[PDB]
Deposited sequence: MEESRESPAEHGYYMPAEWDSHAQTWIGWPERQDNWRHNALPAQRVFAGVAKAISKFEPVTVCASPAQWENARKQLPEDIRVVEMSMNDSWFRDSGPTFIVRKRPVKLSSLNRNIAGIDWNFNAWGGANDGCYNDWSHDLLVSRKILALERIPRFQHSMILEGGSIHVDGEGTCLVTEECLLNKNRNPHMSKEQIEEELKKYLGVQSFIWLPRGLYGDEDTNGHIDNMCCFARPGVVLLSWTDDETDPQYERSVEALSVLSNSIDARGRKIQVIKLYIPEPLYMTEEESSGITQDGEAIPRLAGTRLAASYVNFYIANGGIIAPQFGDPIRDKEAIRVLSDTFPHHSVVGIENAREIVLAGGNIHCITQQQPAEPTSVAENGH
């Protein structure tokens, strides 16, 4: 019903009031009692806080630890969560030009595929994250019954929505809805007019089922960054070539062809034994096994007000080249490389997955 009052999802490069981030904890997903991941989340929050306000949300047991680790100008609030992926469990904010001029969408959530296919067995706290954030900020809430995660949608703020079929059409999401029915809900809720459907996401992203935000994103209207490799023996290659083909046959909501900038993935990363042994083994979440291909891409960066927060994976040549490409692509932003982003990818995500932008409310 956001179409009724002229709401739309702005592009991520439009002005933010603040960024929301969770705080990692669970010992069956985050190694060494999540301490290495905590230092990286703190580093991401601090980096962003140079550009715009940040609120970090931490569990009751973690609140003091978070407050101690984070700069004073970063707000720390108590919140229960099952895990710390606010891109996906937090609200998708929408605005209008004028009662209020901002709202948040609270989508249904099922831990990326639910009882049979999801990443963990209990998502009851995550179900409340969006409501709690919006209640805290006194921003109106639109609830939707469809299962959706913010990491599965990208917009250019000019009417186009970029998505994957792997995720949005998956049997573990909304199998009762056709492609056209899904598009219809996204038009009404995000204020978009047209879609670009990539068939697949990044190789190795079986746990999210191929979220767009680890595969391809907008840099500006008519221009995307695409995860790329020239190595034809990498299972990523066929996905990248297929996506490029689809993009070359796509037109955006304003009638533009799409320019594609290749953003080369790191050389293949595989979880080590020291890494896998630091994680508790039982049956509340998916097993983390030694030798699994890490789903790493530089495309999982976050845009803040005048800043680009980008991962660094410990691949010397590809890390520096990603910074060069991103600096060239966003010449009016400052690019900041986040070391030890590998610590987030071990848990199945990256910088974009841990953030949720709150747009500035228009006046």
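J.: Which runs of the deposited chain sequence never show up in the coordinates?
T.: Several regions go unmodelled: 1-6, 105-111, 377-383.
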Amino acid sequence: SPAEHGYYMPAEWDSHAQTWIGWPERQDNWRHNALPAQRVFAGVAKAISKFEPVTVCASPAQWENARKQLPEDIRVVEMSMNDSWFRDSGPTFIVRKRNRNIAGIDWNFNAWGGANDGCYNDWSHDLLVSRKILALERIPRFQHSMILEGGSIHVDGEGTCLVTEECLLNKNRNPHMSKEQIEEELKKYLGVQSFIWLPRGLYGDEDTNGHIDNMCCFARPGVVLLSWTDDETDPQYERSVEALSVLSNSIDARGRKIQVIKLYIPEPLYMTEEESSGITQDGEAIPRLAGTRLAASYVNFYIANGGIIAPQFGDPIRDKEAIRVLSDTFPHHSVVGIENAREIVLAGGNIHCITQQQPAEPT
From here on, numbers count along this sequence of modelled residues.
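J.: Report the stretch with the higher mean CA temperature factor, choosing between 274-282 and 198-206 on the basis of the entry.
T.: Mean CA B-factor is higher for 274-282.
J.: Got a sec? Mean C-alpha B-factor, which is higher, 243-251 or 117-125?
T.: It is 117-125 that shows the higher mean C-alpha B-factor.
J.: Can you pull the Cα B-factors for 288, 132, 141, 257 from the entry and say which is highest?
T.: Comparing C-alpha B-factors across 288, 132, 141, 257, the maximum falls on 288.
J.: Go through 156, 165, 267, 184 one by one and give the residue whose Cα B-factor in the PDB entry is largest.
T.: In this record, 267 carries the highest C-alpha B-factor of the candidates.
J.: Divide the modelled residues of the chain into thirds by Cα B-factor and specify which third, lowest, middle or highest, holds residue 339.
T.: Answer is highest: the recorded C-alpha B-factor places it there.
J.: Test of reading the entry: by CA B factor among the chain's modelled residues, which third contains residue 149?
T.: It falls in the bottom third of the chain.
J.: Report the third (lowest, middle or highest) to which the CA temperature factor of residue 9 belongs, ranking only the modelled residues of the same chain.
T.: It falls in the bottom third of the chain.
J.: Going by the CA temperature factor in the PDB record, which third of the chain does residue 347 belong to: lowest, middle or highest?
T.: For residue 347, whose C-alpha B-factor we compare with every modelled residue in the chain, the answer is the highest third.
J.: Give the position of residue 303 by CA B-factor within its chain, expressed as the lowest, middle or highest third.
T.: Bottom third by C-alpha B-factor.
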